Amino acid sequence: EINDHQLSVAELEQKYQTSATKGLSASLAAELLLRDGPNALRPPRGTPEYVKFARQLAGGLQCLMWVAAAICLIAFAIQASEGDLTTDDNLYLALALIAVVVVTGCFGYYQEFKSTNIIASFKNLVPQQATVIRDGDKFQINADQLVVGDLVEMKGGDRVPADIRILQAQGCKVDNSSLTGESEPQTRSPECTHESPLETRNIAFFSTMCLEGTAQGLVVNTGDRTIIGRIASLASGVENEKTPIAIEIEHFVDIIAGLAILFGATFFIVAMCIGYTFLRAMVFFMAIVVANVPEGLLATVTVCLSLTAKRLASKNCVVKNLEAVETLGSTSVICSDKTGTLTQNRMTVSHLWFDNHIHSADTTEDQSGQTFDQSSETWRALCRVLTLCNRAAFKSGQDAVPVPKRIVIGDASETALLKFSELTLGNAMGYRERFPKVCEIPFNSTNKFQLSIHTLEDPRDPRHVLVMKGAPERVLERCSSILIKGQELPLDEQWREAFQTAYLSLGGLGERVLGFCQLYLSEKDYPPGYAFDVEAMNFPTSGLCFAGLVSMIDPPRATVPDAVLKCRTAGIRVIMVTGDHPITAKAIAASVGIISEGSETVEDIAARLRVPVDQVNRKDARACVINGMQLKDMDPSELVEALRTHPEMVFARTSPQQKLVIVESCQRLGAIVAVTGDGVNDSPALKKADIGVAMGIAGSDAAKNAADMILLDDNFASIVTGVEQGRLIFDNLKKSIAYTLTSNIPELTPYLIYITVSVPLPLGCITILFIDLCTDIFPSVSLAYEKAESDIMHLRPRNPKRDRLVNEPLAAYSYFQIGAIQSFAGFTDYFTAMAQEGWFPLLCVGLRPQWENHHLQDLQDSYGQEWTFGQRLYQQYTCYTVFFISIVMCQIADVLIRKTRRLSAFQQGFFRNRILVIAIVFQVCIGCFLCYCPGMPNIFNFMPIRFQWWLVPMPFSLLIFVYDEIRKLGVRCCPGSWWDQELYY
Amino acid sequence: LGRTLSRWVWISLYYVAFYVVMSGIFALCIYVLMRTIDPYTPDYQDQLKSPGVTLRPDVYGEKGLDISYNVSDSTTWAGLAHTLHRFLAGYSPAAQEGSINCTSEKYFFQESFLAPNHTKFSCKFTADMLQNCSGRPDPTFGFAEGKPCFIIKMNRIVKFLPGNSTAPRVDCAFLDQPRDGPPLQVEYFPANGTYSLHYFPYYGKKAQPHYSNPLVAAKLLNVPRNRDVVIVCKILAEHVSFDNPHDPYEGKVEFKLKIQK
Ligand SMILES: Cc1nc2c3c(ccn2c1C)[C@@H](O)[C@H](O)[C@H](c1ccccc1)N3
Ligand SMILES: *[C@@H]1O[C@H](CO)[C@@H](O)[C@H](O)[C@H]1NC(C)=O
Ligand SMILES: *[C@@H]1O[C@H](CO)[C@@H](O)[C@H](O)[C@H]1NC(C)=O
Ligand SMILES: *[C@@H]1O[C@H](CO)[C@@H](O)[C@H](O)[C@H]1NC(C)=O
Ligand SMILES: [Mg+2]
Ligand SMILES: [Rb+]
Ligand SMILES: [Rb+]
Ligand SMILES: [Rb+]
Ligand SMILES: [Rb+]
């Protein structure tokens, strides 16, 4: 790349077999097109859709659900050697496990397809073109047809077609705001300025836009060999990290798996001691390890994550993975690109100087801010000089698009002036067409002014307006009076000096100061119809009357200055990463709030104190601006110390890779980093981030493709929604998972006892399946429609290593306390239903052999009555159908108690969550349908049940409510160490 | 996890306390449950709608009762006969001694307990009623002559009445054998196959400790030799149903029989 802008035209036109005058040949240019391929970025070469659904099938919970299904099928072999009966339960359980993983994967694939298509519903499929000189002729072709060495002509308003070396140019200015963050329009000259082609001036870049001027050059690189291409392809090398929620789900599948292995090993050893054969004791070990696995928790988690993505979509924020919906609530540091993401990347007029006042304007797009004084006599003249002396014009049919977003045909300087006249005055072009243009001299260095002589509106004035605009010091050397407070006062040394003190004040803010002067021409010296001339001046090029100054800059976006504030009030550290020069960075960091008011760098303390920066101690500075040249000289230890030592940080003149280094360092130190971005300079550092947000309109396709979140409206306020909802689901999933976890023990303990005491089987697999995959989905999903238990948006960011989604207190509580109460409810109802129909609890002990024997059709009960296999099979089904209702009625309490973790249900409100109550009703309705529908006795294992056993568990449910209310009042009333350490989940 | 050894004791005490609290609740619940249970009468007895029918000798190789034997080999029917005999060792004259000689043909209704230790009186059944299908004079119960004696018993349901009009009778007959082969010729002992109506109602083991179910026997005379046959023994009574497809042993017992000579 270095030895292509340093060459001479003689050596270049031999390298590429072209001419700087005549261009490529029609033949060679069609050969190079088949050699080097099209001048287009290479899309990802791999998109197989089957390997797209396969990825959805893989996850931590999915891995457990997969290994447990394999365990079930291996059990269906250990239990096929010894021929057993009703063994098809294992097949149902394993098939349901695999079915859940499959259908949740299908959901995920569908809702990623939807997102990608939406993100492509805003993309521009209009071919970008170029003007090519081939065989000596200038014609217009598609940019994908250009080949290395072709002669290209660039005009104002034309996107640069390739990576070009400037051979000749007249005042050409391009917007390298994708490669660099350079808001300030950059000049392109045919002469070598640097050798890093990023900072030299003889090179134009692939996806940059020619703001103003005219140029002619040689294509030095096409395709993925352009600077664009190598940055976007480096972005392919970086590999996205696991989302935080994925790490926490993996820690959860560590907890449940370790608990399963402990449980199964304990009861395998116990079974060998009891006298069971090694093979059958190991089948029971397998049964325990499957019982710890949750069949439906993946479904409810996926549904919750989808319901908090629909919300964000309605706030014009689309997520690619369902996992991104949480990631912004765990974030501790936000890294943001200055241009485009934080600013508007649109030169608008910011300030003015007239009537000896520095007026300030509304730089916003919503026009929310406060405008200036628009009543002075001077303002109307200024709004005439700026309106008339503007050869720019809006494109056709944009009268519904907002004025800032409209496409204008004109210079960077003139476009802002035209939009200013449109907003302040309205119908700027129509107003300009009330004053014809007799003569004009727009762009000459000798005169340095845009002169336009117009004729006044009324024929009452044959007088002629002379409006001219240009650099203020080129204006004042040609003016003699100043318009102040309804008067034409003369230009004393004082007025000249005040003009200078305004030029040098509005230009110290990093703004484009432009000066405007005007004069009224006589009806006698210049009667209507004067024939003006330029070569021999016949009009006044001197003795004009100053109107005012107008200054333009790249302004901050509307909602950004408040968005970063509400982020910072949540403990999030906002850091800026820009490629623009340091002064602009500090300005748009103070404005938006990254740098607090009253904060000063080590270089500012050295001006307050007039001390060498060396002696100023660093710890006394809370801000710092670090350039790329001195970020490349800095080792890891220096970065960690400088990052913590100065809390508010602005990184300047960074590169694609330096941003990646910053993100990597923060992540290594133990932070969850989020990158907000636009343009190809952020595609590297948007992948490595835990969440990459891209502007959906102003962002380049590379940064919108290497992202996880797309803001379709470019509203930077959506970030401060993504945190709170993202926080809520964490706290609202910690609840949901908790509820579901409780169901393991009231299901396991039946079976654990069916072998330990040899009682008839209380609960069967076809019924635990109905508990997990039908009755307990609506409750847990409803638990995410809850509301905040604190000012979640003021809480400091969650600590990754201490604060976890599932911790040992949560699982231990949900199992050993609550699920133990549920197991007792089931056992009471089991012994009760059996005793009412003839089997007292003592006889139930050890009865399973004869209960399950197919050869005993005369088994006699506690009353001495003799039962066949079918009669007591139906009664076993009754034990099933009462343990079923025991669990569901003891979990109608669970959903309510888990709707809060610290506050009581009375305060929040029992019925405040609507979906929760709908789910409670649906739970009881599915129970009644399953028990009392004709045929369910043999379709499934549910039968009509007496109405006394519905109420045996209700005491237990109210015990659950009482226990959780007391253990929640224990934490809130007494925020003591004992309760919070031992009894808080 | 060893977070703190001293704190471990306090939370261990909390967990043992929680479990013993709920264990006391559970124990109280089972005891109040058992105090709500009458010991002579089942509280609900829902699934005991119609009675089960059980057969001796009971031999299931697979897929139900399959009794196949050779008359010329004592080892093929000795176990069958011994199961019959050890079954009837409690239907013995001096082992059924705790009951009373029952001569009331219509019924045995008893509303008050008139036996030692607040027990009730029970009806009697000895092996003699099975005149030919007893150890007297054939200790093979008909199996050595190719005329086997299969004894049919009905399951007992507390205060269950099977119909007053006549007595329940076992019709044993060939299942799907309408061929030129003749109907199963059976001689039932007691004659006419009647379970006498004074063995109903059953009032529970606490009420009638010495109660023994009535029995009927079928001497299968017509059974062909070296042919696998299938026989259905149905009990015909008002309150007895034999059409249940989820209990093939409701009011009927079906068995496969092969006598090989
Ligand atoms: C929690 C629980 N698990 C079972 C269960 C059965 C019955 C009741 N069960 C209960 C209440 C049988 O169908 C099977 O042994 C089945 C099984 C077998 C091997 C491996 C995994 C599962 N597991
Ligand atoms: C039947 O009654 C007689 C009296 O008629 C009595 O000896 C006994 O209870 C029964 N018979 C025998 C032989 O035991
Ligand atoms: C039953 O026994 C009697 C005498 O013991 C005998 O006369 C009669 O033939 C026997 N019936 C059958 C079917 O063998
Ligand atoms: C029955 O047993 C005898 C001797 O044990 C044997 O010879 C005969 O073949 C057997 N009958 C059949 C059908 O095998
Ligand atoms: Mg940008
Ligand atoms: Rb045992
Ligand atoms: Rb489970
Ligand atoms: Rb203002
Ligand atoms: Rb990413």
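Following Swiss-Prot, chain B shows residues 30-290, kept in their order.
How was it done? The header gives X-ray crystallography, 3.2 Å.
Cβ atoms here come from the backbone N, Cα and C positions, even for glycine.
Feature annotations, courtesy of Swiss-Prot:
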TRANSMEM  B:37-57  transmembrane segment
TOPO_DOM  B:58-290  topological domain 'Extracellular'
CARBOHYD  B:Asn99  N-linked glycosylation site
CARBOHYD  B:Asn130  N-linked glycosylation site
DISULFID  B:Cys131-B:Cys152  disulfide bond
CARBOHYD  B:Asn146  N-linked glycosylation site
CARBOHYD  B:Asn161  N-linked glycosylation site
DISULFID  B:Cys162-B:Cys178  disulfide bond
CARBOHYD  B:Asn193  N-linked glycosylation site
REGION    B:194-290  region 'immunoglobulin-like'
DISULFID  B:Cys201-B:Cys262  disulfide bond
CARBOHYD  B:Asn221  N-linked glycosylation site
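Structural mapping of features recorded in Swiss-Prot.
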| residue | record | Cβ within 10 Å |
| --- | --- | --- |
| B:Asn99 | N-linked glycosylation site | 14 |
| B:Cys131 | disulfide bond | 15 |
| B:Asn146 | N-linked glycosylation site | 6 |
| B:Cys152 | disulfide bond | 22 |
| B:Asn161 | N-linked glycosylation site | 15 |
| B:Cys162 | disulfide bond | 26 |
| B:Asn193 | N-linked glycosylation site | 11 |
| B:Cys201 | disulfide bond | 23 |
| B:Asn221 | N-linked glycosylation site | 11 |
| B:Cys262 | disulfide bond | 23 |
Would you mind reading off the Cα separation of B:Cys131 (disulfide bond) from B:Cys178 (disulfide bond), to the nearest angstrom? 25
Could you list, ordered by sequence, which of these disulfide-bonded residues: B:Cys131, B:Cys152, B:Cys162, B:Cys262, have a Cβ under 6 Å from ligand 1? none
Which bits of the chain, at least 6 residues beyond where the transmembrane segment (B:37-57) starts or stops, bring a Cβ under 8 A of a Cβ in it? 31
Using DSSP, break the region 'immunoglobulin-like' (B:194-290) down into helix, strand and coil residues and give each count. 6 helix, 37 strand, 54 coil
For each of the recorded positions (B:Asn130, B:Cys178), count the other CB atoms lying within 10 A of its CB, then report the residue with the highest count. B:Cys178
Quick check: of the recorded positions listed here (B:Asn146, B:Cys152, B:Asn193, B:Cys201), which one has the Cα closest to that of B:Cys162 (disulfide bond)? B:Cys201
Checking the recorded positions B:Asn130, B:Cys131, B:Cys152, B:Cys178, B:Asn193, B:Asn221: which ones have Cβ within under 6 Å of ligand 2? B:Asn130
Which recorded positions sit within 10 Å of B:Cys152 (disulfide bond) - Cα, from B:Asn130, B:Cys178, B:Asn193, B:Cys201, B:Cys262: B:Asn130
Closest by Cα to B:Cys201 (disulfide bond), out of the recorded positions B:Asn99, B:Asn130, B:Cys178, B:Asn193, is B:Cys178
For ligand 4, pick out the recorded positions B:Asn99, B:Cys131, B:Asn193, B:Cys262 that have a CB under 6 angstroms away from one of its atoms. B:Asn99
Looking only at the recorded positions B:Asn146, B:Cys178, B:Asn193, B:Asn221, B:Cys262, B:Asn161 (N-linked glycosylation site) has its closest CA neighbour at B:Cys178
Does DSSP give B:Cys131 (disulfide bond) helix, strand or coil? coil
Select, from B:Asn99, B:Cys131, B:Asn161, B:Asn193, B:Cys262, each of the recorded positions with a Cβ positioned under 6 A from at least one atom of ligand 3; if none does, say none. B:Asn161
Specify the nearest of the recorded positions B:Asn146, B:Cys178, B:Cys262 to B:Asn99 (N-linked glycosylation site), where nearness means the distance between Cα atoms. B:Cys178
Please classify the secondary structure at B:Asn146 (N-linked glycosylation site) using three-state DSSP. helix
Sequence order is fine: just name those recorded positions in B:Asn130, B:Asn146, B:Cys178, B:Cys262 with a Cα within 10 angstroms of B:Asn221 (N-linked glycosylation site). none
Go through the recorded positions B:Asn130, B:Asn146, B:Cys178, B:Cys262 and tell me which ones have a CA within 10 A of the CA of B:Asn193 (N-linked glycosylation site). none
I'd like to confirm something. Which of the recorded positions, B:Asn130, B:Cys178, B:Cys262, has a Cα closest to the Cα of B:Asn146 (N-linked glycosylation site)? B:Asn130
